[PDB]
2 protein chains.
Amino acid sequence: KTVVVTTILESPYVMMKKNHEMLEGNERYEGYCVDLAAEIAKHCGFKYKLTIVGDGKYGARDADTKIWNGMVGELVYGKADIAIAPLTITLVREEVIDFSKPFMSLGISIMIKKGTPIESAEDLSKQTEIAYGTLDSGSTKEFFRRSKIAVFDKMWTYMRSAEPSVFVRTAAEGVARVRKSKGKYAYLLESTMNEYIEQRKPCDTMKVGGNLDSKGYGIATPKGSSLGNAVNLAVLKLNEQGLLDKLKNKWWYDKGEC
Amino acid sequence: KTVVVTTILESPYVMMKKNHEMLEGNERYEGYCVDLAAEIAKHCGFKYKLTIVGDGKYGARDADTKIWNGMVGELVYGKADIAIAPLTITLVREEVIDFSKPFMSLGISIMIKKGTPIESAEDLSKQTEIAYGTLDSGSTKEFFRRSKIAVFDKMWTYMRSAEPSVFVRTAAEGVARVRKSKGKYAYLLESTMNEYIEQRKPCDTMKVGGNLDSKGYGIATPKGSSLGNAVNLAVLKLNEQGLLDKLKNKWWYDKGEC
Ligand SMILES: N[C@@H](CCC(=O)O)C(=O)O
Ligand SMILES: N[C@@H](CCC(=O)O)C(=O)O
């Protein structure tokens with residue numbers, strides 16, 4: 001059986017190549033997770049098809065209907081065999097799907113337009129001139145929704161009722177909104193993505209403050225899938241061989257424009 | 001059944017309390033992993049006994065006899081039910097025991113006495129005046145032994161044949177050897193431990209350079225143990241609630257003397 005890989009368009013993990021219109025199948029895409037999929041496939045000995053998640057989302061469970069969306073839902077409902085993506089390992093996801101040991105570490109962070117008078121999450125929470133938000137249907141939004149920490153709770157109370165809406169549908173929309181809002185929008189996103197964009201044209205954004213948490217992305221499979229074991233071993237081996245570090249360098253530091 | 005916890009004496013993870021001679025059972029010990037054991041036990045609903053690993057080691061497999069020593073061996077040979085320790089998740093360990101998702105991130109790093117003319121691993125490898133080494137029977141030594149990276153391979157060729165021996169039996173011996181050798185010994189140890197000691201009296205050591213790798217410590221159980229699932233969920237929950245971050249702060253930043 002050809003392994004159906006679910007993944008998500010997200011720089012520098014999975015990106016349409018320049019001439020994608022003329023390209024076929026897996027060849028349409030490039031990035032860290034494109035390279036990683038190839039290495040995992042080589043180590044586990046499977047053939048695979050990269051497919052972009054149908055709804056464009058990471059994964060969240062609707063509070064009323066209890067249905068999972070995003071790449072999580074594709075795995076839960078048997079629409080994909082494996083997810084190879086910047087997908088955050090979280091408790092509520094761990095309950096419904098299997099995860100590899102992490103292939104990359106990150107924490108939630110703040111992106112500002114250069115020159116925005118904000119140095120921390122505490123600064124954000126203590127003012128209203130600079131709007132701030134996050135991604136729909138992902139781990140960063142859930143973090144704020146669930147936080148009992150005073151500063152993060154204050155931020156969520158603001159965010160969930162802010163008008164016009166402070167939430168975005170894709171990280172790319174979040175980044176454009178920081179860029180275009182002249183310092184009146186700050187975006188809460190994972191350090192990995194924040195640090196990537198800080199090194200890309202037009203070099204107009206920066207990460208401020210430390211990370212708000214510490215977590216990891218894992219390769220995900222349906223609960224109890226036979227692929228799980230081999231893939232976990234593959235990630236550990238690829239880490240230990242220095243390949244994950246070589247890929248990080250390829251897609252972040254070598255992609256630097258600033 | 002009372003859960004037999006194997007762990008290792010290592011600051012600030014597990015340490016004899018000041019008045020330990022007069023103290024009984026679990027009360028003899030304090031530290032990050034002492035606190036963490038208590039939280040995991042509370043979430044999983046078990047009673048437990050902390051025991052210090054009989055041989056004082058993390059875990060390695062003898063190349064001739066193929067026997068596992070350290071906390072890894074206690075789990076493999078059925079002498080402990082769970083290991084709660086700064087135990088590095090590695091491929092060869094993953095093959096023989098179960099690991100939680102990580103509870104802490106780290107990478108191998110260099111400790112120097114203040115003022116030692118060394119800024120990196122490349123600096124170390126390109127000279128012989130300053131001896132350097134690492135811990136027996138742990139992941140840092142294995143990293144060098146297995147490295148195909150030129151700089152790390154050069155370091156290992158030096159280390160494995162250096163006289164007098166550059167290896168130490170405990171990290172505490174490694175740290176004392178840096179302190180006493182007047183800048184002629186540098187110690188290769190995990191960033192977590194290096195950063196702890198940098199903030200302790202007599203404030204005479206420092207971490208130089210970036211980390212050489214990126215990995216994680218996991219709670220370990222015998223392969224297929226029924227405890228595994230609950231403990232993994234507990235670690236993810238404790239991370240998400242901010243408790244792991246609160247413990248890090250308790251045992252590192254609040255323990256600061258420098
Ligand atoms: N990695 C996140 C998506 C990005 C975000 O939430 O900021 C997730 O898996 O949900
Ligand atoms: N955490 C390491 C021990 C310390 C070291 O090797 O530097 C291990 O699990 O083997």
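Start at 1 and go down the list; that is how both ligands and their atoms are numbered. In the text below, chain A, chain B and the rest are named by the order of the sequence lines, each starting its count at 1.
- For an aromatic pair to be called close, the ring centres must be under 6.0 Å apart, and A/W252 with A/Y13 satisfies this.
- Using a 3.5 Å distance cut-off with no hydrogens or angles, the side chains of A/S100 and A/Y217 do not pair a donor with an acceptor.
- No donor-acceptor pair closer than 3.5 Å links the side chain of B/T65 to the backbone N or O of B/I67.
- For the pair B/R93 (side chain) and B/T88 (backbone), a donor-acceptor distance under 3.5 Å is present.
- Near ligand 2, residues B/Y58, B/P86, B/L87, B/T88, B/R93, B/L135, B/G138, B/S139, B/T140, B/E190, B/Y217 each place a heavy atom inside the 4.0 Å sphere around the ligand atoms.
- No donor-acceptor pair closer than 3.5 Å links the side chain of A/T205 to the backbone N or O of A/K113.
- Here the two rings, on B/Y132 and B/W156, have centers that are 6.0 Å apart or farther.
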